[PDB]
>>> print(open('input_22.pdb').read())   # PDB, N, CA and C atoms
MODEL        1
ATOM      1  N   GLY A   1     -33.249  29.827 -14.647
ATOM      2  CA  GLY A   1     -31.901  30.174 -15.057
ATOM      3  C   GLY A   1     -31.218  31.111 -14.080
ATOM      4  N   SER A   2     -31.578  32.390 -14.140
ATOM      5  CA  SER A   2     -30.991  33.391 -13.256
ATOM      6  C   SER A   2     -31.810  34.677 -13.273
ATOM      7  N   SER A   3     -31.469  35.600 -12.380
ATOM      8  CA  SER A   3     -32.175  36.873 -12.288
ATOM      9  C   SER A   3     -33.682  36.668 -12.413
ATOM     10  N   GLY A   4     -34.189  35.633 -11.753
ATOM     11  CA  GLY A   4     -35.611  35.345 -11.803
ATOM     12  C   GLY A   4     -36.399  36.141 -10.783
ATOM     13  N   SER A   5     -37.720  36.158 -10.939
ATOM     14  CA  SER A   5     -38.589  36.894 -10.027
ATOM     15  C   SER A   5     -40.032  36.419 -10.153
ATOM     16  N   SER A   6     -40.776  36.509  -9.054
ATOM     17  CA  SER A   6     -42.171  36.086  -9.038
ATOM     18  C   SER A   6     -42.937  36.782  -7.919
ATOM     19  N   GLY A   7     -44.250  36.572  -7.887
ATOM     20  CA  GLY A   7     -45.075  37.187  -6.864
ATOM     21  C   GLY A   7     -46.542  36.828  -7.011
ATOM     22  N   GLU A   8     -47.374  37.835  -7.262
ATOM     23  CA  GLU A   8     -48.806  37.618  -7.421
ATOM     24  C   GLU A   8     -49.293  36.499  -6.503
ATOM     25  N   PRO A   9     -49.006  36.637  -5.201
ATOM     26  CA  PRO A   9     -49.405  35.648  -4.195
ATOM     27  C   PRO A   9     -50.912  35.633  -3.961
ATOM     28  N   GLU A  10     -51.348  34.834  -2.993
ATOM     29  CA  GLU A  10     -52.767  34.728  -2.671
ATOM     30  C   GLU A  10     -53.135  35.657  -1.517
ATOM     31  N   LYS A  11     -54.316  36.256  -1.600
ATOM     32  CA  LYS A  11     -54.789  37.168  -0.565
ATOM     33  C   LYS A  11     -56.309  37.122  -0.453
ATOM     34  N   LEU A  12     -56.821  37.471   0.723
ATOM     35  CA  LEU A  12     -58.261  37.473   0.961
ATOM     36  C   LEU A  12     -58.638  38.507   2.016
ATOM     37  N   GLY A  13     -59.878  38.983   1.953
ATOM     38  CA  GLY A  13     -60.341  39.970   2.911
ATOM     39  C   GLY A  13     -61.249  41.007   2.280
ATOM     40  N   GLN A  14     -62.522  40.659   2.119
ATOM     41  CA  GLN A  14     -63.493  41.568   1.521
ATOM     42  C   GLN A  14     -64.703  41.746   2.431
ATOM     43  N   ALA A  15     -65.243  42.961   2.459
ATOM     44  CA  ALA A  15     -66.404  43.262   3.288
ATOM     45  C   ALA A  15     -66.251  42.668   4.684
ATOM     46  N   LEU A  16     -65.056  42.798   5.249
ATOM     47  CA  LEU A  16     -64.780  42.273   6.582
ATOM     48  C   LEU A  16     -64.947  43.360   7.640
ATOM     49  N   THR A  17     -65.643  43.022   8.721
ATOM     50  CA  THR A  17     -65.876  43.968   9.804
ATOM     51  C   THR A  17     -65.879  43.264  11.157
ATOM     52  N   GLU A  18     -65.461  43.981  12.195
ATOM     53  CA  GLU A  18     -65.415  43.422  13.541
ATOM     54  C   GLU A  18     -66.818  43.323  14.135
ATOM     55  N   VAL A  19     -67.468  42.183  13.918
ATOM     56  CA  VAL A  19     -68.814  41.959  14.431
ATOM     57  C   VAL A  19     -68.814  40.905  15.532
ATOM     58  N   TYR A  20     -69.893  40.865  16.305
ATOM     59  CA  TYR A  20     -70.019  39.906  17.394
ATOM     60  C   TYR A  20     -71.407  39.272  17.406
ATOM     61  N   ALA A  21     -71.585  38.267  18.258
ATOM     62  CA  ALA A  21     -72.864  37.577  18.370
ATOM     63  C   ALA A  21     -73.118  37.123  19.803
ATOM     64  N   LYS A  22     -74.392  36.984  20.157
ATOM     65  CA  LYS A  22     -74.772  36.556  21.498
ATOM     66  C   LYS A  22     -75.836  35.466  21.439
ATOM     67  N   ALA A  23     -75.430  34.232  21.721
ATOM     68  CA  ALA A  23     -76.350  33.102  21.703
ATOM     69  C   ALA A  23     -75.677  31.836  22.223
ATOM     70  N   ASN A  24     -76.237  31.267  23.286
ATOM     71  CA  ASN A  24     -75.688  30.053  23.880
ATOM     72  C   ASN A  24     -75.889  28.855  22.955
ATOM     73  N   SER A  25     -74.920  28.625  22.076
ATOM     74  CA  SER A  25     -74.991  27.514  21.135
ATOM     75  C   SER A  25     -73.612  26.902  20.910
ATOM     76  N   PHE A  26     -73.589  25.623  20.551
ATOM     77  CA  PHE A  26     -72.336  24.919  20.306
ATOM     78  C   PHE A  26     -71.757  25.295  18.945
ATOM     79  N   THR A  27     -70.521  25.788  18.951
ATOM     80  CA  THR A  27     -69.853  26.189  17.718
ATOM     81  C   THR A  27     -68.718  25.231  17.373
ATOM     82  N   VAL A  28     -68.755  24.691  16.158
ATOM     83  CA  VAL A  28     -67.727  23.762  15.704
ATOM     84  C   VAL A  28     -67.088  24.241  14.405
ATOM     85  N   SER A  29     -65.825  24.647  14.487
ATOM     86  CA  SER A  29     -65.100  25.132  13.319
ATOM     87  C   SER A  29     -63.863  24.279  13.055
ATOM     88  N   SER A  30     -63.387  24.306  11.814
ATOM     89  CA  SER A  30     -62.212  23.532  11.429
ATOM     90  C   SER A  30     -61.059  24.455  11.044
ATOM     91  N   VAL A  31     -59.837  23.948  11.178
ATOM     92  CA  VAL A  31     -58.648  24.724  10.842
ATOM     93  C   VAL A  31     -57.760  23.971   9.859
ATOM     94  N   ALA A  32     -57.549  24.562   8.688
ATOM     95  CA  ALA A  32     -56.716  23.949   7.662
ATOM     96  C   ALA A  32     -55.304  23.698   8.178
ATOM     97  N   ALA A  33     -54.988  22.433   8.434
ATOM     98  CA  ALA A  33     -53.670  22.059   8.932
ATOM     99  C   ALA A  33     -53.180  20.774   8.273
ATOM    100  N   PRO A  34     -51.866  20.712   8.003
ATOM    101  CA  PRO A  34     -51.243  19.544   7.372
ATOM    102  C   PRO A  34     -51.211  18.334   8.299
ATOM    103  N   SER A  35     -50.823  17.186   7.750
ATOM    104  CA  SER A  35     -50.753  15.954   8.528
ATOM    105  C   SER A  35     -49.320  15.430   8.585
ATOM    106  N   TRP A  36     -48.493  15.882   7.649
ATOM    107  CA  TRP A  36     -47.099  15.459   7.592
ATOM    108  C   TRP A  36     -46.350  15.887   8.849
ATOM    109  N   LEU A  37     -46.939  16.810   9.601
ATOM    110  CA  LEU A  37     -46.327  17.305  10.829
ATOM    111  C   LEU A  37     -47.164  16.924  12.046
ATOM    112  N   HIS A  38     -47.891  15.817  11.935
ATOM    113  CA  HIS A  38     -48.733  15.344  13.029
ATOM    114  C   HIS A  38     -47.891  15.020  14.260
ATOM    115  N   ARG A  39     -46.614  14.733  14.040
ATOM    116  CA  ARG A  39     -45.704  14.406  15.132
ATOM    117  C   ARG A  39     -45.162  15.672  15.785
ATOM    118  N   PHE A  40     -45.118  16.755  15.018
ATOM    119  CA  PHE A  40     -44.618  18.031  15.521
ATOM    120  C   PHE A  40     -45.740  18.834  16.174
ATOM    121  N   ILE A  41     -46.912  18.817  15.549
ATOM    122  CA  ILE A  41     -48.064  19.542  16.069
ATOM    123  C   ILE A  41     -48.492  18.995  17.427
ATOM    124  N   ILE A  42     -48.253  17.706  17.640
ATOM    125  CA  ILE A  42     -48.612  17.061  18.896
ATOM    126  C   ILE A  42     -47.495  17.203  19.926
ATOM    127  N   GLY A  43     -46.271  16.890  19.511
ATOM    128  CA  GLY A  43     -45.135  16.991  20.407
ATOM    129  C   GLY A  43     -44.563  15.636  20.773
ATOM    130  N   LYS A  44     -43.270  15.603  21.079
ATOM    131  CA  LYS A  44     -42.601  14.361  21.448
ATOM    132  C   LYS A  44     -43.303  13.695  22.627
ATOM    133  N   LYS A  45     -43.602  14.482  23.655
ATOM    134  CA  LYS A  45     -44.274  13.970  24.841
ATOM    135  C   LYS A  45     -45.620  14.660  25.045
ATOM    136  N   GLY A  46     -46.377  14.802  23.960
ATOM    137  CA  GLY A  46     -47.677  15.444  24.042
ATOM    138  C   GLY A  46     -47.680  16.625  24.992
ATOM    139  N   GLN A  47     -47.088  17.733  24.559
ATOM    140  CA  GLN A  47     -47.025  18.937  25.380
ATOM    141  C   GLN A  47     -47.871  20.053  24.776
ATOM    142  N   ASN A  48     -47.737  20.249  23.468
ATOM    143  CA  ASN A  48     -48.488  21.285  22.770
ATOM    144  C   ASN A  48     -49.986  21.125  23.007
ATOM    145  N   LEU A  49     -50.493  19.922  22.761
ATOM    146  CA  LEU A  49     -51.912  19.636  22.949
ATOM    147  C   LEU A  49     -52.292  19.720  24.423
ATOM    148  N   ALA A  50     -51.569  18.983  25.258
ATOM    149  CA  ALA A  50     -51.831  18.976  26.693
ATOM    150  C   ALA A  50     -51.938  20.396  27.238
ATOM    151  N   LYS A  51     -50.988  21.244  26.859
ATOM    152  CA  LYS A  51     -50.976  22.631  27.308
ATOM    153  C   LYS A  51     -52.260  23.346  26.900
ATOM    154  N   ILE A  52     -52.500  23.425  25.594
ATOM    155  CA  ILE A  52     -53.694  24.080  25.076
ATOM    156  C   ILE A  52     -54.951  23.559  25.764
ATOM    157  N   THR A  53     -55.172  22.251  25.670
ATOM    158  CA  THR A  53     -56.337  21.627  26.283
ATOM    159  C   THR A  53     -56.418  21.958  27.770
ATOM    160  N   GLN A  54     -55.262  22.006  28.425
ATOM    161  CA  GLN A  54     -55.206  22.313  29.850
ATOM    162  C   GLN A  54     -55.822  23.677  30.138
ATOM    163  N   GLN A  55     -55.514  24.652  29.288
ATOM    164  CA  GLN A  55     -56.036  26.003  29.454
ATOM    165  C   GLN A  55     -57.453  26.110  28.897
ATOM    166  N   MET A  56     -57.739  25.324  27.865
ATOM    167  CA  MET A  56     -59.057  25.331  27.242
ATOM    168  C   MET A  56     -59.608  23.914  27.119
ATOM    169  N   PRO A  57     -60.130  23.382  28.234
ATOM    170  CA  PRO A  57     -60.698  22.031  28.275
ATOM    171  C   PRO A  57     -62.004  21.928  27.497
ATOM    172  N   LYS A  58     -62.803  22.990  27.547
ATOM    173  CA  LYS A  58     -64.080  23.019  26.844
ATOM    174  C   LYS A  58     -63.887  22.767  25.353
ATOM    175  N   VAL A  59     -62.757  23.222  24.821
ATOM    176  CA  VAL A  59     -62.450  23.043  23.406
ATOM    177  C   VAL A  59     -61.882  21.654  23.139
ATOM    178  N   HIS A  60     -62.389  21.003  22.096
ATOM    179  CA  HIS A  60     -61.931  19.669  21.733
ATOM    180  C   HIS A  60     -61.111  19.708  20.446
ATOM    181  N   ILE A  61     -59.847  19.307  20.543
ATOM    182  CA  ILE A  61     -58.959  19.296  19.388
ATOM    183  C   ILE A  61     -58.951  17.929  18.712
ATOM    184  N   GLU A  62     -59.396  17.891  17.461
ATOM    185  CA  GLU A  62     -59.439  16.646  16.704
ATOM    186  C   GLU A  62     -58.448  16.679  15.544
ATOM    187  N   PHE A  63     -57.895  15.517  15.212
ATOM    188  CA  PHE A  63     -56.930  15.412  14.124
ATOM    189  C   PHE A  63     -57.361  14.352  13.116
ATOM    190  N   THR A  64     -57.259  14.687  11.832
ATOM    191  CA  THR A  64     -57.640  13.766  10.770
ATOM    192  C   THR A  64     -56.439  13.393   9.909
ATOM    193  N   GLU A  65     -56.435  12.162   9.407
ATOM    194  CA  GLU A  65     -55.343  11.683   8.568
ATOM    195  C   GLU A  65     -55.602  12.007   7.100
ATOM    196  N   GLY A  66     -56.848  11.827   6.669
ATOM    197  CA  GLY A  66     -57.205  12.104   5.291
ATOM    198  C   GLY A  66     -57.698  13.523   5.094
ATOM    199  N   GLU A  67     -58.726  13.901   5.847
ATOM    200  CA  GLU A  67     -59.292  15.241   5.749
ATOM    201  C   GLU A  67     -58.202  16.302   5.861
ATOM    202  N   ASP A  68     -57.067  15.918   6.435
ATOM    203  CA  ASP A  68     -55.946  16.835   6.604
ATOM    204  C   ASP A  68     -56.417  18.168   7.177
ATOM    205  N   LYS A  69     -57.156  18.104   8.280
ATOM    206  CA  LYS A  69     -57.668  19.306   8.929
ATOM    207  C   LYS A  69     -57.919  19.057  10.412
ATOM    208  N   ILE A  70     -58.131  20.134  11.160
ATOM    209  CA  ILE A  70     -58.386  20.032  12.591
ATOM    210  C   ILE A  70     -59.789  20.520  12.936
ATOM    211  N   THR A  71     -60.575  19.647  13.560
ATOM    212  CA  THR A  71     -61.939  19.988  13.945
ATOM    213  C   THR A  71     -62.006  20.415  15.408
ATOM    214  N   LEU A  72     -62.490  21.629  15.643
ATOM    215  CA  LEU A  72     -62.609  22.157  16.998
ATOM    216  C   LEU A  72     -64.069  22.202  17.439
ATOM    217  N   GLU A  73     -64.305  21.896  18.711
ATOM    218  CA  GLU A  73     -65.657  21.904  19.258
ATOM    219  C   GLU A  73     -65.701  22.645  20.590
ATOM    220  N   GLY A  74     -66.616  23.604  20.698
ATOM    221  CA  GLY A  74     -66.744  24.373  21.922
ATOM    222  C   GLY A  74     -67.384  25.728  21.691
ATOM    223  N   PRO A  75     -67.340  26.590  22.718
ATOM    224  CA  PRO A  75     -67.916  27.936  22.646
ATOM    225  C   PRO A  75     -67.131  28.854  21.716
ATOM    226  N   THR A  76     -67.835  29.486  20.782
ATOM    227  CA  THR A  76     -67.203  30.390  19.830
ATOM    228  C   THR A  76     -66.135  31.243  20.506
ATOM    229  N   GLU A  77     -66.316  31.494  21.799
ATOM    230  CA  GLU A  77     -65.367  32.297  22.561
ATOM    231  C   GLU A  77     -64.017  31.592  22.663
ATOM    232  N   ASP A  78     -64.026  30.392  23.233
ATOM    233  CA  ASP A  78     -62.803  29.612  23.392
ATOM    234  C   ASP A  78     -62.343  29.044  22.053
ATOM    235  N   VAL A  79     -63.278  28.459  21.312
ATOM    236  CA  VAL A  79     -62.969  27.875  20.012
ATOM    237  C   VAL A  79     -62.153  28.839  19.158
ATOM    238  N   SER A  80     -62.427  30.130  19.306
ATOM    239  CA  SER A  80     -61.720  31.154  18.546
ATOM    240  C   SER A  80     -60.274  31.278  19.017
ATOM    241  N   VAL A  81     -60.083  31.244  20.332
ATOM    242  CA  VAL A  81     -58.749  31.353  20.913
ATOM    243  C   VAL A  81     -57.921  30.106  20.626
ATOM    244  N   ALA A  82     -58.562  28.945  20.709
ATOM    245  CA  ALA A  82     -57.885  27.679  20.455
ATOM    246  C   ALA A  82     -57.506  27.545  18.984
ATOM    247  N   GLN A  83     -58.502  27.637  18.110
ATOM    248  CA  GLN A  83     -58.271  27.523  16.675
ATOM    249  C   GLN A  83     -57.208  28.515  16.214
ATOM    250  N   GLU A  84     -57.144  29.662  16.885
ATOM    251  CA  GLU A  84     -56.171  30.693  16.544
ATOM    252  C   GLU A  84     -54.768  30.284  16.981
ATOM    253  N   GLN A  85     -54.661  29.782  18.208
ATOM    254  CA  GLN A  85     -53.375  29.354  18.747
ATOM    255  C   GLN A  85     -52.734  28.298  17.854
ATOM    256  N   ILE A  86     -53.569  27.529  17.161
ATOM    257  CA  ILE A  86     -53.082  26.484  16.271
ATOM    258  C   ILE A  86     -52.641  27.063  14.931
ATOM    259  N   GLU A  87     -53.367  28.073  14.463
ATOM    260  CA  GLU A  87     -53.049  28.716  13.192
ATOM    261  C   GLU A  87     -51.684  29.395  13.252
ATOM    262  N   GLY A  88     -51.224  29.681  14.467
ATOM    263  CA  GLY A  88     -49.937  30.328  14.639
ATOM    264  C   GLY A  88     -48.789  29.339  14.656
ATOM    265  N   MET A  89     -48.956  28.252  15.404
ATOM    266  CA  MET A  89     -47.925  27.226  15.503
ATOM    267  C   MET A  89     -47.757  26.494  14.175
ATOM    268  N   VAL A  90     -48.872  26.252  13.493
ATOM    269  CA  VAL A  90     -48.847  25.560  12.210
ATOM    270  C   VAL A  90     -48.066  26.357  11.170
ATOM    271  N   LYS A  91     -48.145  27.681  11.266
ATOM    272  CA  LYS A  91     -47.445  28.558  10.336
ATOM    273  C   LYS A  91     -45.945  28.563  10.616
ATOM    274  N   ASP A  92     -45.585  28.691  11.888
ATOM    275  CA  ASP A  92     -44.183  28.707  12.288
ATOM    276  C   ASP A  92     -43.480  27.423  11.855
ATOM    277  N   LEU A  93     -44.152  26.293  12.046
ATOM    278  CA  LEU A  93     -43.592  24.998  11.675
ATOM    279  C   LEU A  93     -43.247  24.959  10.189
ATOM    280  N   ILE A  94     -44.185  25.400   9.358
ATOM    281  CA  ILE A  94     -43.979  25.418   7.915
ATOM    282  C   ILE A  94     -42.878  26.400   7.530
ATOM    283  N   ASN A  95     -42.961  27.614   8.064
ATOM    284  CA  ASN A  95     -41.970  28.644   7.775
ATOM    285  C   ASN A  95     -40.556  28.115   7.992
ATOM    286  N   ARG A  96     -40.372  27.356   9.068
ATOM    287  CA  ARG A  96     -39.069  26.789   9.390
ATOM    288  C   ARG A  96     -38.587  25.867   8.273
ATOM    289  N   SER A  97     -39.434  24.914   7.894
ATOM    290  CA  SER A  97     -39.092  23.966   6.841
ATOM    291  C   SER A  97     -39.016  24.662   5.483
ATOM    292  N   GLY A  98     -37.842  24.611   4.864
ATOM    293  CA  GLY A  98     -37.659  25.239   3.570
ATOM    294  C   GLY A  98     -37.500  26.743   3.673
ATOM    295  N   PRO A  99     -36.331  27.187   4.158
ATOM    296  CA  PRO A  99     -36.030  28.612   4.319
ATOM    297  C   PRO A  99     -35.854  29.322   2.981
ATOM    298  N   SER A 100     -36.720  30.295   2.715
ATOM    299  CA  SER A 100     -36.662  31.050   1.467
ATOM    300  C   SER A 100     -35.622  32.162   1.552
ATOM    301  N   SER A 101     -34.608  32.082   0.695
ATOM    302  CA  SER A 101     -33.544  33.078   0.675
ATOM    303  C   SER A 101     -34.050  34.401   0.106
ATOM    304  N   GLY A 102     -34.592  34.348  -1.107
ATOM    305  CA  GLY A 102     -35.106  35.546  -1.742
ATOM    306  C   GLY A 102     -36.429  35.310  -2.443
TER     307      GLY A 102
ENDMDL
END
>>> encode(input="input_22.pdb", output="structure tokens")
Amino acid sequence: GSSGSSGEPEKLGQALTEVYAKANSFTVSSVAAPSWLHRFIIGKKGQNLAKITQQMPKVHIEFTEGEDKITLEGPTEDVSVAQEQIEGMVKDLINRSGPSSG
């Protein structure tokens, strides 16, 4: 109707600490990403992917239609930087679509 309000959003972060590890092993992590923007996440002329991969070849960016997620393969070192770079662009894309006034 009017004068509405809401909140109680979702949050996470318990017993979290800046830890590290040392071991030459293959690390494969996934990143929760939509598929409706598979054309935007990739780019008109494949630039977003090409760029990332260009800087991080060791990392393998995979895209799924059903799983609706991105599978990364490589060294926890790079995999972390790559998977992160995607978590940022994926957020900006969504934020743009459907501008929240209040």
>>> closest_residue(input="input_22.pdb", among="A:74, A:81, A:86, A:97", to="residue 29 (chain A)", atoms="all atoms listed in the file")
A:74
>>> residues_around(input="input_22.pdb", residues="residue 27 (chain A)", least_positions_apart="3", cutoff="12 Å", atoms="only C-alpha atoms", output="VMD selection string")
chain A and resid 21 23 to 24 30 58 to 60 71 to 80 83
>>> residues_around(input="input_22.pdb", residues="residue 64 (chain A)", least_positions_apart="6", cutoff="8 Å", atoms="only N, CA and C atoms", output="number ranges by chain")
A: 34-35, 70-71
>>> select_by_dssp(input="input_22.pdb", residues="chain A", states="strand (DSSP E)", output="JSON, numbers by chain")
{"A": [27, 28, 29, 30, 31, 32, 60, 61, 62, 63, 69, 70, 71, 72, 73, 74]}
>>> atom_distance(input="input_22.pdb", atom1="atom N of residue 41 (chain A)", atom2="atom N of residue 96 (chain A)")
12.6 Å
>>> axis_aligned_box(input="input_22.pdb", around="region 86-90 of chain A", padding_each_side="4 Å", output="AutoDock Vina command-line options")
--center_x -50.7 --center_y 27.9 --center_z 14.2 --size_x 13.8 --size_y 12.8 --size_z 14.0
>>> closest_residue(input="input_22.pdb", among="A:94, A:82, A:31, A:42", to="residue 56 (chain A)", atoms="only N, CA and C atoms")
A:82
>>> atom_distance(input="input_22.pdb", atom1="atom C of residue 32 (chain A)", atom2="atom C of residue 88 (chain A)")
10.8 Å
>>> atom_distance(input="input_22.pdb", atom1="CA of residue 51 (chain A)", atom2="CA of residue 90 (chain A)")
15.5 Å
>>> select_by_dssp(input="input_22.pdb", residues="chain A", states="alpha helix (DSSP H)", output="PyMOL selection string")
chain A and resi 38-42+48-55+76-96
>>> build_atoms(input="input_22.pdb", residues="region 25-42 of chain A", atoms="N, CA, C and O atoms", output="mmCIF file, in the coordinates of the input")
data_model
loop_
_atom_site.group_PDB
_atom_site.id
_atom_site.type_symbol
_atom_site.label_atom_id
_atom_site.label_comp_id
_atom_site.auth_asym_id
_atom_site.auth_seq_id
_atom_site.Cartn_x
_atom_site.Cartn_y
_atom_site.Cartn_z
ATOM 1 N N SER A 25 -74.920 28.625 22.076
ATOM 2 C CA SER A 25 -74.991 27.514 21.135
ATOM 3 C C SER A 25 -73.612 26.902 20.910
ATOM 4 O O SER A 25 -72.590 27.574 21.058
ATOM 5 N N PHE A 26 -73.589 25.623 20.551
ATOM 6 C CA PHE A 26 -72.336 24.919 20.306
ATOM 7 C C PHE A 26 -71.757 25.295 18.945
ATOM 8 O O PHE A 26 -72.413 25.147 17.915
ATOM 9 N N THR A 27 -70.521 25.788 18.951
ATOM 10 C CA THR A 27 -69.853 26.189 17.718
ATOM 11 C C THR A 27 -68.718 25.231 17.373
ATOM 12 O O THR A 27 -67.828 24.988 18.188
ATOM 13 N N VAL A 28 -68.755 24.691 16.158
ATOM 14 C CA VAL A 28 -67.727 23.762 15.704
ATOM 15 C C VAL A 28 -67.088 24.241 14.405
ATOM 16 O O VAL A 28 -67.725 24.243 13.352
ATOM 17 N N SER A 29 -65.825 24.647 14.487
ATOM 18 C CA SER A 29 -65.100 25.132 13.319
ATOM 19 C C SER A 29 -63.863 24.279 13.055
ATOM 20 O O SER A 29 -63.351 23.614 13.955
ATOM 21 N N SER A 30 -63.387 24.306 11.814
ATOM 22 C CA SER A 30 -62.212 23.532 11.429
ATOM 23 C C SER A 30 -61.059 24.455 11.044
ATOM 24 O O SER A 30 -61.270 25.596 10.636
ATOM 25 N N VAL A 31 -59.837 23.948 11.178
ATOM 26 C CA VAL A 31 -58.648 24.724 10.842
ATOM 27 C C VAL A 31 -57.760 23.971 9.859
ATOM 28 O O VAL A 31 -57.275 22.880 10.156
ATOM 29 N N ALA A 32 -57.549 24.562 8.688
ATOM 30 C CA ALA A 32 -56.716 23.949 7.662
ATOM 31 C C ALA A 32 -55.304 23.698 8.178
ATOM 32 O O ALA A 32 -54.516 24.630 8.341
ATOM 33 N N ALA A 33 -54.988 22.433 8.434
ATOM 34 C CA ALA A 33 -53.670 22.059 8.932
ATOM 35 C C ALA A 33 -53.180 20.774 8.273
ATOM 36 O O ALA A 33 -53.948 19.851 8.007
ATOM 37 N N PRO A 34 -51.866 20.712 8.003
ATOM 38 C CA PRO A 34 -51.243 19.544 7.372
ATOM 39 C C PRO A 34 -51.211 18.334 8.299
ATOM 40 O O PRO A 34 -51.529 18.436 9.483
ATOM 41 N N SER A 35 -50.823 17.186 7.750
ATOM 42 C CA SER A 35 -50.753 15.954 8.528
ATOM 43 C C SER A 35 -49.320 15.430 8.585
ATOM 44 O O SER A 35 -48.974 14.634 9.459
ATOM 45 N N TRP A 36 -48.493 15.882 7.649
ATOM 46 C CA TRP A 36 -47.099 15.459 7.592
ATOM 47 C C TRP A 36 -46.350 15.887 8.849
ATOM 48 O O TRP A 36 -45.257 15.390 9.133
ATOM 49 N N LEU A 37 -46.939 16.810 9.601
ATOM 50 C CA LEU A 37 -46.327 17.305 10.829
ATOM 51 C C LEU A 37 -47.164 16.924 12.046
ATOM 52 O O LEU A 37 -47.149 17.618 13.063
ATOM 53 N N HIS A 38 -47.891 15.817 11.935
ATOM 54 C CA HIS A 38 -48.733 15.344 13.029
ATOM 55 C C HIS A 38 -47.891 15.020 14.260
ATOM 56 O O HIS A 38 -48.392 15.032 15.385
ATOM 57 N N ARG A 39 -46.614 14.733 14.040
ATOM 58 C CA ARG A 39 -45.704 14.406 15.132
ATOM 59 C C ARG A 39 -45.162 15.672 15.785
ATOM 60 O O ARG A 39 -44.791 15.667 16.959
ATOM 61 N N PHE A 40 -45.118 16.755 15.018
ATOM 62 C CA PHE A 40 -44.618 18.031 15.521
ATOM 63 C C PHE A 40 -45.740 18.834 16.174
ATOM 64 O O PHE A 40 -45.544 19.454 17.220
ATOM 65 N N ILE A 41 -46.912 18.817 15.549
ATOM 66 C CA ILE A 41 -48.064 19.542 16.069
ATOM 67 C C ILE A 41 -48.492 18.995 17.427
ATOM 68 O O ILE A 41 -49.027 19.726 18.261
ATOM 69 N N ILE A 42 -48.253 17.706 17.640
ATOM 70 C CA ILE A 42 -48.612 17.061 18.896
ATOM 71 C C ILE A 42 -47.495 17.203 19.926
ATOM 72 O O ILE A 42 -47.735 17.588 21.070
#
